[PDB]
Amino acid sequence: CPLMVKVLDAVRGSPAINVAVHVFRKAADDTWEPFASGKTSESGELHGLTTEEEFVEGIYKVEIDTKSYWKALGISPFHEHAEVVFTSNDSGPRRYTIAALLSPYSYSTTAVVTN
Amino acid sequence: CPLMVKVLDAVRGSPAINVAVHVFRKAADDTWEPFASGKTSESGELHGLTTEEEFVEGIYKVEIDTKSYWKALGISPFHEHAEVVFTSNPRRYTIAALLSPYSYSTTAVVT
Amino acid sequence: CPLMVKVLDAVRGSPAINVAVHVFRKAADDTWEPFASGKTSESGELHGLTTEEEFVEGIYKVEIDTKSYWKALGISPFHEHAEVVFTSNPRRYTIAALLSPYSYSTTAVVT
Amino acid sequence: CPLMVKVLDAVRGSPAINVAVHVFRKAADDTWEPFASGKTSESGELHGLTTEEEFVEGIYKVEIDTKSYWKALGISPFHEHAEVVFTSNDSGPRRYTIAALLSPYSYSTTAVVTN
């Protein structure tokens with residue numbers, strides 16, 4: 001698991017469950033092409049997005065469908081989605097956790113890169 | 001205005017208005033002496049807490065009454081308050097806070 | 001001033017000065033049309049991006065060039081940029097962002 | 001494990017390792033009395049702070065010694081520590097995770113309350 005995504009709900013203080021997540025990789029023509037996707041589990045985590053063989057160096061976009069999460073709960077959101085864009089780098093053994101903390105009109109995201 | 005507070009509401013996408021803020025200073029007997037207090041304005045800002053003369057060196061605690069804010073809004077909060085503790089020795093301090101019911105962030109802007 | 005951006009630096013405790021910001025609007029062909037751009041001032045604020053006439057309904061993307069900011073500071077950043085995507089239909093939007101090398105937050109203040 | 005604390009470093013994108021954490025509970029005279037403490041592990045997590053029998057309803061303060069963390073790394077910090085203050089409530093099965101995301105001049109904290 002070189003790339004895991006964790007999503008939290010700052011209104012209810014809970015994992016954000018069943019949130020769609022799309023990962024894209026930048027192509028040579030600088031377009032976004034689909035790379036992996038899934039939905040967060042009961043724990044707010046999305047594992048198994050990709051493999052080490054597939055997850056080569058490049059520019060990646062993680063798109064979290066926050067609007068659909070909030071609208072299902074009957075809470076009015078501002079953003080279309082949360083977007084996390086980064087270049088991956090093979091510098092020793094590394095696993096990327098992309099955490100997102102969601103509020104209706106705000107989000108924060110952090111990358112935890114561990115050996 | 002050596003110490004200013006600005007508070008935003010991450011649920012409503014608005015300034016957090018009429019938020020109570022209390023500032024304490026650590027006294028010689030290691031107790032928290034009341035130093036200043038006020039409420040955020042319609043812009044979410046709290047000016048005029050103190051003066052350059054009054055704002056001496058020391059350890060300060062800024063307590064932002066987030067619980068009463070969420071309760072007035074009709075929302076269940078987790079935290080009792082947001083606390084910001086720092087040492088002063090940097091002329092102007094702005095303590096910014098962003099509030100959600102189960103999360104907050106605070107940043108110091110020192111100019 | 002219907003769309004404003006404010007950026008803070010969580011490492012230095014300062015406004016994030018001279019940060020490039022680009023605004024795009026989703027076009028009829030589902031491409032991102034350049035809409036407006038500018039740089040944050042010494043206060044970390046970016047005013048004058050657009051006008052009420054120009055800022056029509058639509059889907060907007062605000063891209064804040066965080067990578068170049070950290071690189072100019074001499075710090076290794078994780079993100080390419082901070083992206084904020086929203087639909088407009090609410091008169092004044094302030095997009096606030098708080099930057100760290102491996103984390104950022106963004107909040108919308110709609111007044 | 002009814003109370004776990006997780007601390008992350010937003011400058012290096014890593015767990016914040018070996019950070020001292022002190023937990024206090026509010027006494028009847030409204031003083032803070034020591035309740036539990038520890039240091040974060042290699043993963044930035046602190047487990048085993050307390051037991052369900054000990055962790056009764058009340059007002060708790062979690063004090064994270066952020067200043068000592070930053071000073072050891074040679075990065076100048078603003079805060080003395082990060083303080084997280086909350087009332088615990090027994091409403092069904094519950095575990096509290098107190099997460100803190102640290103930067104030299106900023107921190108965020110979130111509570112994740114799971115069944």
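For each chain, numbering begins from 1 and proceeds through the sequence as written. The entry may number the same residues differently, and residues missing coordinates are not shown. Here the convention is simple: chains get letters from A, ligands get numbers from 1, in the order in which they are written. Side-chain metrics in this entry use all non-hydrogen atoms of the structure; hydrogen atoms and water are not considered.

### Focus on the sheet that holds strand β6 (residues 58–64) of chain C
To summarise the sheet geometry, strands pair through backbone hydrogen bonds and adopt either a parallel or an antiparallel arrangement.
Thought 1: Pairing between strands is defined by DSSP: at least two bridges between them are needed. Put simply, DSSP H or I for four residues or longer makes a helix, DSSP E for two residues or longer makes a strand, and each gets a number counted from the N terminus. Here we have eight strands laid out as an open sheet, ordered β4(A)-β3(A)-β6(A)-β7(A)-β7(C)-β6(C)-β3(C)-β4(C), and antiparallel in their pairing. With one partner strand each, in any of the chains shown, β4 (32–39) of chain A together with β4 (32–39) of chain C form the two edges of the open sheet. Between one strand axis and the next, the sheet turns by 20° as a mean value, whatever way the strands run.
Thought 2: Summarising the sheet, strand β6 (residues 58–64) of chain A and strand β7 (residues 79–88) of chain A pair through seven bridges and their orientation is antiparallel. Bridge assignment links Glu63 of chain A to a residue of β7 of chain A, and that residue is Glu83 of chain A. What counts as an axis is a line fitted to C-alpha atoms, over the stretch in contact for a helix, and the angles between N-to-C directions run from 0 to 180 degrees.

### A few points about the UniProt feature "binding site: L-thyroxine" in chain A
All names here are of chain A.
Thought 1: UniProt positions are given in the numbering used here, feature names are shortened, and annotations may be inferred rather than shown by experiment. Here, UniProt's "binding site: L-thyroxine" annotation points to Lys6, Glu45 and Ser108. The subset of these annotated residues that lines the largest cavity comprises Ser108.
Thought 2: Residue contacts for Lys6: discarding those within four places in its chain leaves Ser43, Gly44, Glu45, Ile98, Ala99 and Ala100.
Thought 3: Polar side-chain contacts of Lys6 include one of 3.2 Å to the side chain of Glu45.
Thought 4: Mapped onto the fold, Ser108 is located in strand β9 (residues 106–114). Space inside and on the surface of the protein is sampled on a 1 Å grid over the protein atoms alone, with a cavity defined as a set of points where a 1.4 Å probe fits but cannot get out and a pocket as an open set with protein on both sides within 12 Å along at least 5 of 7 lines; lining residues have an atom within 4 Å of a point. Should any heavy atoms of two residues lie within 4.5 Å, those residues are considered in contact. Polar contacts, as counted here, are pairs of nitrogen or oxygen atoms within 3.5 Å of one another; within protein the pair requires one atom able to donate a hydrogen and one able to accept it, and residues that are adjacent in sequence qualify only if both atoms are side-chain atoms.

### Remarks on the pattern of salt bridges
Thought 1: Salt bridges are defined by distance alone: a side-chain nitrogen of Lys or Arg within 4 Å of a carboxyl oxygen of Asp or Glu. Under the counting rule described, the total for this entry stands at 18 salt bridges over all chains.
Thought 2: Each of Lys61, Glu63 and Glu83 of chain B takes part in one network of salt bridges that share partners.

### Structural notes on the interface of chain C and chain A
Note: interface size is frequently given as the accessible area lost on complex formation between the parts.
Thought 1: In this assembly, 21 residues from chain C lie in contact with 21 residues from chain A.
Thought 2: At the boundary of chain C with chain A, total buried surface from both sides reaches about 1,800 Å², with 57% on carbon and sulfur atoms.
Thought 3: Buried area is a sum: the accessible area each of two parts loses on coming together, probed at 1.4 Å, counted once for each and added. It is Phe78, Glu83 and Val85 of chain C in chain C that bury the most area against chain A; as a group they hold 31% of the surface buried on that side.
Thought 4: The tally of links between chain C and chain A comes to zero salt bridges.
Thought 5: Counting only elements with at least two residues in the side of chain C that touches chain A, the list comes to β7 (79–88), β8 (93–100) and β9 (103–110) of chain C.
Thought 6: In terms of residue count, β7 of chain C provides more of the side of chain C that touches chain A than any other element does, eight residues in total.
Thought 7: Put simply, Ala, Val, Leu, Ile, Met, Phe, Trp, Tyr, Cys and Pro go in the nonpolar bin, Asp, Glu, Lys and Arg in the charged bin, and everything else, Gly too, in the polar bin. Its residues placed into classes, the side of chain C that touches chain A shows eleven nonpolar, seven polar and three charged.
Thought 8: Note that β7 of chain A and β7 of chain C share seven bridges and pair antiparallel. Pairing of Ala82 of chain A across the sheet is with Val84 of chain C, part of β7 of chain C.

### Quick notes on the pairing of strand β1 (residues 3–9) of chain B
Residues and elements named next belong to chain B.
Thought 1: Counting buried positions along β1 gives six out of seven residues, so the element sits mostly inside the fold.
Thought 2: Sheet topology note: the β1/strand β8 (residues 93–100) ladder contains seven bridges and is parallel. Bridge assignment links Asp9 to a residue of β8, and that residue is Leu99.
Thought 3: As paired strands, β1 and strand β5 (residues 45–46) are joined by two bridges and run antiparallel to one another. By the bridge assignment, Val5 is partnered in β5 with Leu46.
Thought 4: Bridging between β1 and strand β2 (residues 14–15) involves two bridges; their strand directions are antiparallel. Counterpart to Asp9 in the pairing with β2 is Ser14.
Thought 5: Following β1, the chain reverses through four residues before pairing antiparallel with β2; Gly13 in that reversal takes a positive phi of roughly 60°. The rule is simple: take the accessible area with a 1.4 Å probe, protein chains only, and divide by the maximum for that residue type; under 20% is buried, over 50% is exposed, in between is partly exposed.

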